[PDB]
Each structure stands twice: as C-alpha cells, then as structure tokens.
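*Asks:*
There are 2 protein chains.
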Amino acid sequence: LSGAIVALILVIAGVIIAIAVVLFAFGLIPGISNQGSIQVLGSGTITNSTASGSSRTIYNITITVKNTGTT
Amino acid sequence: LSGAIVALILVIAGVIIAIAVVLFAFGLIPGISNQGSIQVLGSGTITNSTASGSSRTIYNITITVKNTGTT
Ligand SMILES: *[C@@H]1O[C@H](CO)[C@@H](O[C@@H]2O[C@H](CO[C@H]3O[C@H](CO)[C@@H](O)[C@H](O)[C@@H]3O)[C@@H](O[C@H]3O[C@H](CO)[C@@H](O)[C@H](O)[C@@H]3O)[C@H](O[C@@H]3O[C@H](CS(=O)(=O)O)[C@@H](O)[C@H](O)[C@H]3O)[C@H]2NC(C)=O)[C@H](O)[C@H]1NC(C)=O
Ligand SMILES: *[C@@H]1O[C@H](CO)[C@@H](O[C@@H]2O[C@H](CO[C@H]3O[C@H](CO)[C@@H](O)[C@H](O)[C@@H]3O)[C@@H](O[C@H]3O[C@H](CO)[C@@H](O)[C@H](O)[C@@H]3O)[C@H](O[C@@H]3O[C@H](CS(=O)(=O)O)[C@@H](O)[C@H](O)[C@H]3O)[C@H]2NC(C)=O)[C@H](O)[C@H]1NC(C)=O
Ligand SMILES: *[C@@H]1O[C@H](CO)[C@@H](O[C@@H]2O[C@H](CO[C@H]3O[C@H](CO)[C@@H](O)[C@H](O)[C@@H]3O)[C@@H](O[C@H]3O[C@H](CO)[C@@H](O)[C@H](O)[C@@H]3O)[C@H](O[C@@H]3O[C@H](CS(=O)(=O)O)[C@@H](O)[C@H](O)[C@H]3O)[C@H]2NC(C)=O)[C@H](O)[C@H]1NC(C)=O
Ligand SMILES: *[C@@H]1O[C@H](CO)[C@@H](O[C@@H]2O[C@H](CO[C@H]3O[C@H](CO)[C@@H](O)[C@H](O)[C@@H]3O)[C@@H](O)[C@H](O[C@@H]3O[C@H](CS(=O)(=O)O)[C@@H](O)[C@H](O)[C@H]3O)[C@H]2NC(C)=O)[C@H](O)[C@H]1NC(C)=O
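Put into structure tokens, the structure is as follows:
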C-alpha cells in the first residue's frame with residue numbers, strides 16, 4: 016500500500032517546486048538592467064596630493080561620470 | 016471439528032481487518048494530495064525602514080504574491 020501513497024506526495028511536490036523555479040527565472044530579469052547604469056566621459060586628471068614630508072603618497076583623481084540608473 | 020471453525024474465524028477476521036486498512040489508505044488521499052501553492056511574481060523590493068538612530072534596523076519587503084490554493 017505504502018509505495019503508491021509516497022509516489023502521490025512526490026508527484027505533487029515535484030509540480031510545486033518546478034513551477035517555483037520557472038517563476039524565479041522570470042523574476043531575475045529586472046536585476047540584469049542595472050549593470051550598465053554608468054559611463055565615464057572624456058579624460059580625467061591625476062594630481063599628487065600628499066603634504067610635505069608625509070609618509071603616505073596620496074593622489075587626487077577627477078573624472079566626469081554620468082549616472083542613468085534610478086539610484 | 017475445533018481446528019476448522021477457528022481457521023474460518025481467522026479468515027473472516029482477516030478479511031475485515033485487511034479491508035479496514037485499505038479503506039484507511041483511501042482516507043489519507045485528501046490530506047496528502049493538495050494542489051496549488053503560493054507563487055511569487057516578478058521582482059520584489061527591500062527598503063530601509065530604520066529611523067532616529069534606533070537600536071534595531073528594520074527593512075521593508077514588498078513583493079507580488081498569488082495564492083492558487085483553496086485556503
Ligand atoms: C608627491 O609630492 C611629494 C612632496 O609633496 C614628493 O615627496 C618628495 O620626493 C622628493 C623626491 O622625489 C623623487 O624621489 C621619490 C622617492 O624619494 C620618488 O617617489 C619620486 O617619484 C621622485 O622620483 C624628495 O626629495 C628628496 O630626495 C631627492 C632624491 O630623490 C633629493 O634630491 C632631495 O634633496 C630630497 O632629499 C622630497 O623630500 C624632501 O626634499 C626637501 C627639499 S626639496 O626636495 O623640496 O628641494 C627636504 O627639505 C625634505 O627634508 C625632504 O624630505 C619628498 N618630500 C617633499 C616634501 O618634497 C613625492 O615624491 C611626490 N610623488 C610624485 C609621484 O610626484
Ligand atoms: C584634492 O582634493 C581635495 C578634496 O578631496 C581638495 O581639498 C579641497 O581644496 C579646496 C581648495 O583647494 C585649492 O587650494 C589649494 C591650496 O590650498 C590648491 O592646492 C588646490 O589646487 C586648489 O586650488 C577647498 O576649497 C576651499 O576654497 C574654495 C575657493 O577656492 C571654497 O569655495 C571652498 O568653500 C573651500 O573654502 C576644499 O574645501 C573644503 O570644502 C568643503 C566643501 S567641498 O569643497 O568639498 O564641496 C568644506 O566642507 C570644508 O570646510 C572646506 O575646508 C577642499 N575640500 C576638502 C574636502 O578638503 C584638494 O584641494 C585637492 N588637491 C588639489 C591639488 O587639487
Ligand atoms: C539603513 O538605515 C540604517 C539607519 O540609518 C543604517 O544603519 C546606520 O548606519 C550608520 C552609518 O552608515 C553608513 O555605514 C554603514 C556601515 O557601518 C553602511 O552599511 C551604510 O550604507 C552607510 O554607508 C550608523 O552610524 C554609525 O556609524 C557611523 C560610521 O559608519 C558613524 O558616523 C555614526 O556616528 C554611527 O556610529 C548607524 O549607527 C548608529 O548611529 C547612531 C548615531 S547616528 O548615526 O544616527 O547619528 C548611534 O547612536 C547608534 O549607537 C549607532 O548604532 C546605523 N544604524 C544602525 C541602527 O545600525 C544602514 O546603513 C542603512 N543601510 C543598510 C543597507 O542597512
Ligand atoms: C514599510 O511598510 C509599512 C506598512 O507595513 C509602512 O508603514 C506605513 O507608513 C506610512 C508612512 O511611511 C512614510 O514615512 C515613513 C517614516 O515614518 C518612511 O519610512 C516611509 O518610507 C514613508 O515615506 C504610513 O502612512 C502608514 O499608515 C498607517 O497607515 C494605515 C493605512 S496603510 O494602508 O498605510 O497601512 C492607517 O490605517 C494607520 O492609521 C496609519 O497610522 C503606515 N502603515 C502601517 C500599517 O504601518 C512603512 O512606511 C514602510 N516603510 C518604508 C520605509 O516604506
């Protein structure tokens with residue numbers, strides 16, 4: 016008797032998990048769009064920024080950046 | 016005589032108890048078999064709900080949900 020009862024449970028669970036994975040694949044798609052939100056325009060400039068006698072070398076960097084995302 | 020009457024009682028009792036268990040197995044099917052589920056549609060969002068330098072951070076999970084079951 017036992018075998019058929021187990022088969023019925025695993026059939027119904029199989030449908031539920033399979034549908035969930037298909038919906039997840041469609042649910043990813045919006046998140047792919049954000050990967051291209053930025054671009055860098057023209058040359059930038061580096062400048063030596065560290066104070067006299069200081070241990071750390073530090074540089075100032077300046078660039079033009081355009082954001083086209085929603086955040 | 017005794018042996019055959021006892022043999023007959025245990026045949027009839029065997030039929031009764033076996034059929035009772037078969038009827039029990041058919042009685043499980045409505046509980047274990049149950050189509051439909053909650054389905055999650057598209058992307059959801061997280062938003063910061065935390066305020067006023069509070070001790071616990073709280074977030075907001077908005078998502079679209081479809082209950083295909085009967086409950
Ligand atoms: C960014 O700016 C820093 C200063 O704001 C620079 O630090 C100064 O570096 C001088 C030499 O730079 C050369 O050597 C570096 C390694 O030591 C190298 O990383 C650099 O790319 C570059 O090739 C240094 O001069 C000292 O060393 C010279 C020989 O390398 C020597 O000729 C000098 O007399 C001096 O001993 C500076 O040290 C300071 O020099 C003062 C005098 S003067 O050099 O200003 O005329 C002196 O009074 C002081 O005691 C001494 O420490 C050093 N610091 C300063 C304040 O100038 C850093 O290199 C820059 N980095 C880049 C990439 O440009
Ligand atoms: C590297 O980047 C640093 C920031 O990341 C720069 O620090 C900023 O310096 C500004 C002045 O720099 C000028 O003078 C230097 C000699 O002192 C020279 O080496 C530089 O090349 C440059 O010619 C400073 O601006 C001050 O002066 C402005 C007028 O010119 C005035 O409008 C400002 O209000 C300010 O008084 C920056 O200011 C600081 O500004 C803060 C606001 S914001 O400017 O960041 O928007 C303000 O909150 C703060 O109180 C004030 O002190 C100063 N910025 C910072 C963050 O320190 C540094 O100059 C860069 N180095 C080079 C070589 O370009
Ligand atoms: C969601 O909102 C939350 C509440 O505004 C944010 O949690 C708070 O973050 C503050 C610092 O923010 C930055 O650094 C984070 C890493 O530490 C980073 O995740 C963030 O994206 C952001 O870049 C934090 O301020 C504390 O830390 C600062 C240094 O990072 C410091 O300057 C502050 O003085 C302070 O210590 C908040 O912490 C709480 O600050 C209270 C004072 S005030 O900041 O409100 O003025 C202080 O009284 C309290 O004891 C201390 O815990 C912190 N809040 C909490 C509850 O943890 C969170 O970053 C936001 N984003 C995400 C993705 O969760
Ligand atoms: C997370 O989700 C909760 C609801 O579960 C939501 O609470 C609701 O908040 C709005 C106002 O929110 C705005 O201000 C807060 C700061 O206070 C910001 O963090 C938010 O980003 C918003 O800018 C309230 O207007 C809601 O009202 C209560 O509204 C009820 C009706 S409801 O349909 O809005 O639920 C009324 O019945 C009540 O009388 C009234 O007090 C409030 N709703 C609830 C149920 O709490 C948070 O704002 C959400 N957080 C974020 C960050 O969005």
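Respectively, the protein sequence lines represent chains P and L. Using the authors' numbering, the first residue of the first sequence is number 16, and each one after it goes up by one. Using the authors' numbering, the first residue of the second sequence is number 16, and each one after it goes up by one. Even for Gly, the Cβ is constructed at its ideal location relative to N, Cα and C.
At what residues does the beta strand (DSSP E) containing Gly-59/L begin and finish?
*Replies:* Run containing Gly-59/L: 53-63, per the beta strand (DSSP E) assignment.
*Asks:* Can you confirm whether the stretch 44-61 of chain L touches the stretch 20-36 of chain P when touching is taken to mean that 3 or more C-beta pairs between the two stretches lie within less than 8 Å?
*Replies:* Yes, since at least three Cβ pairs between the stretch 20-36 of chain P and the stretch 44-61 of chain L fall closer than 8 Å, the two stretches touch.
*Asks:* Please list, in chain order, all residues with a C-beta atom less than 7 Å from at least one heavy atom of ligand 4.
*Replies:* The answer, residue by residue, is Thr-62/L, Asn-63/L, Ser-64/L, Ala-66/L and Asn-75/L.
*Asks:* Which same chain residues end up closer than 6 Å to residue 1/P when comparing Cβ atoms and leaving out the 5 residues on each side of it in sequence?
*Replies:* Given that chain P is displayed from residue 16 to residue 86, the structure contains no residue 1/P and the question cannot be resolved.
*Asks:* Where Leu-38/L and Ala-33/P are concerned, what is the direct C-alpha to C-alpha distance, given to the nearest angstrom?
*Replies:* Spanning the two alpha carbons is a distance of roughly 32 Å.
*Asks:* Assign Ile-78/P to one of three DSSP states: helix, strand, or coil.
*Replies:* Looking at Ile-78/P - three-state DSSP - the assignment turns out to be strand.
*Asks:* Please report whether the beta-carbon of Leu-25/P lies at a distance below 8 Å from any beta-carbon of chain L.
*Replies:* Closer than 8 Å: no.
*Asks:* CB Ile-73/P to CB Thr-60/P, shorter than 8 Å?
*Replies:* It is not a contact, given that the beta carbons lie outside the stated cut-off.
*Asks:* Please check if any C-beta of chain L sits within less than 8 Å of the C-beta of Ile-47/P.
*Replies:* No - not a single Cβ of chain L is within 8 Å of the one on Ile-47/P.
*Asks:* Considering just the uninterrupted stretch of the alpha helix (DSSP H) at residue 14/P, what are its terminal residues?
*Replies:* With chain P running from 16 to 86 in the structure shown, residue 14/P is simply not present.
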